Each structure stands twice: as C-alpha cells, then as structure tokens.
C-alpha cells in the first residue's frame, strides 16, 4: 500500500472537471503575518489527513487572484496549496524563488494548526506563472529535495537549467509573445538534464495568459504531475506517459517514468 495515495481512481473526465473530489477551505495569510513574501491564500482539503504541499507564484504585476483557480483546483485533488502575493509587483524571477521558499516555510511552520496538521513537510512542490515560473526553476535548482516543479509559460533571462534534478513539467503557450516558447520554455526544457523525469507540454491556440483562466489541460496535467511525483501515485502515470498526441501542439518527455 502507498501511504501517500489520496482520492478515487482517476479518469480524463475527473481530471478535466473544475473540481476534484475533496471539499476545500481557505486560510488568509496577511502581509503582516508573512515573512519573506507578500502574503496569500492557503487552500486545503477539509478532510483531515496529511497531503503534499504546493506554493504557486504569479507573474509580473500579477497577484494571487490570477492563480486562485489553480490553487483551489489542485487543493480539491488532495494537496495543501498557497497562492502568494509578492512583496512588490516588480519582483523578478530569482526574488519569486525566495518568496516561494518563504511561502513553503510559512505553511509548514507559521500557519494555523488546521493547515500545519494537513501537510507532509517532506513532500513539497512549486509552480508559477511567467516570472513566477522562472522563480519555480530557480527554487528547483536551489532545493533539490522538492518533489516537483511546474513552470507555466515561464519567463527567465537564464536559459541554462542543467542544475535542476527536480521532476519538472514546463507548460508553454504556442502564441506566447511575452515569454515566447522559442526563447524561454523550450531552451529551459532542453537544458534540464536528459537523466531526470521531465516533460514539455505546449498548448495549442494559447496566449501567455492561458494559465490565468481556468484551463482543463493545465488543470489535468498539473494534477497528474503532482499525483505521480509528490504522492508516488502510480494511477497517474497513464496520463503522463506516453502523454498527449499532436489542444496540445506538442508533448516531449523522458517517459517512460515507471
């Protein structure tokens, strides 16, 4: 038995639904309460258990409101998720890495007993949009004990992520003009080691802001990635490997993963 396994046997329909099967509550993190980040919202399963924990960063000028849907949706599949605000709207990717790190430490050590009691502090992941996705790659490089990293339409001036050993799913948007896949997402994917678990999923007919709107493909693949890498949930490998065919423009991976 896998002691980390949560929730029912998955299907495409259950993964593409707006909500998973776990009822969710929220805990506000004020700016005053937050050390090292701008505050945010913690989404957690009402059902008492331990779960993996995830921190998600927005991009430049963005706030937690732009990633709230994704925090709620992932939490509804059996994760504790914080959507952060940054200290300023100007903060760059390497700063968003530090703030993601501070948000994970907050959930583990400084949140209510309600939140702390629901976290397995040994099973952590990070995600983010645009510069938040650049932050995701930077923190993954600094914190190899993270179980997963999911950069969404990521932006970073550093193109070389050969130091990352955290299982990483990069989601690019084909029509992105702010973090074009040719200069950001693909170079990031290509520089990650060939020897790690990784994938690149490019959305078809998608702009840079696809991750800011509820999106069944982002929701399905983010949850499947977190289930396999954070929970060792073998029921989810079927969605990742071989993974989706040519609303997916392309899918590259180091499948098989199991």
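Numbering follows the first chain given and starts at 1.
Unmodelled residues of the deposited sequence between neighbouring positions residue 246 and residue 247 number 4 to 9. Comparing 187 to 195 with 222 to 230, the stretch with the higher mean C-alpha B-factor in the PDB entry is 187 to 195. On average the C-alpha atoms of 25 to 33 have higher B-factors than those of the other stretch, with 203 to 211 and 25 to 33 being the two compared.
Going by the entry's values, 113 shows the largest Cα B-factor out of 130, 83, 113, 92. Per-chain ranking of the deposited C-alpha B factor places residue 40 in the middle third. In the PDB entry, a CA B factor belonging to the middle third of its chain's modelled residues is recorded for residue 217.
Sort the modelled residues of the chain by CA B factor and residue 65 lands in the highest third.
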